[PDB]
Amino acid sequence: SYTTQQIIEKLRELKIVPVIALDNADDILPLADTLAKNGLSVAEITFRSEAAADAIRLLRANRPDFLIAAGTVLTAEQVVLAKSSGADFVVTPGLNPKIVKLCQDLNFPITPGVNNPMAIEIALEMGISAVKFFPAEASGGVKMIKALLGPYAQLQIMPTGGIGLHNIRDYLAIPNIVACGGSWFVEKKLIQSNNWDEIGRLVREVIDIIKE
């Protein structure tokens, strides 16, 4: 049971987080074996798919050490089920204060999404310094981030949205940016076709470009 800051530091070593949507929860086992084999033992499983909770539970049992996030959490029921399924922390696209307060009252780490100054100031008012920046590219990309970093100099940021091979290095060049999220290397059609080699290829490719 990692604290929020230990999770943040573990993400800082990883730098890229796969955002996984599944139609079939059993696909999480060969998928996670492929991610771990290629050096990424972390996954944000989206509640946009109904199979999310069962996948978190199966993965926790098979790989007790895997870093697991429940993503796109919008309701109190999802928080509760994310915690009992075994997730390590929660990720949300926006900041709904009842949802943030609930994770805090359950000692359940949460990285909420912000994209402007009002949202950042609500987060800082609730004791939160590590946030998701979403949607990254449509909200102004690297230019908006650098601008928000003038007055909010100690924010720890985790961007998601419109991030690919062509711009991941631009985001990772910024010291306050902890890690980026994306799904091009774990695309839904590749998971559905069980093409584990293509997935492992794309994983190695993003890992290489980052360490360039």
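Residue numbers here begin at 1 and follow the sequence given.
Trainee: If you average the Cα B factors in the entry, which is higher, 161 to 169 or 24 to 32?
Mentor: Mean C-alpha B-factor is greater for 161 to 169.
Trainee: Which third of the chain does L40 land in by C-alpha B-factor: lowest, middle or highest?
Mentor: Answer is highest: the recorded C-alpha B-factor places it there.
Trainee: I174's Cα B-factor: lowest, middle or highest third of the chain?
Mentor: Highest third of the chain for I174's C-alpha B-factor.
Trainee: Tell me, lowest, middle or highest third: where does the Cα B factor of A55 rank within its chain?
Mentor: It falls in the middle third of the chain.
Trainee: Looking at the entry's B-factor column for C-alpha atoms only, identify whether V203 ranks in the lowest, middle or highest third of its chain.
Mentor: Highest third.
Trainee: Sorting the chain's CA B-factors, does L67 end up in the lowest, middle or highest third?
Mentor: As the PDB entry reports it, the C-alpha B-factor of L67 lands in the middle third of its chain.
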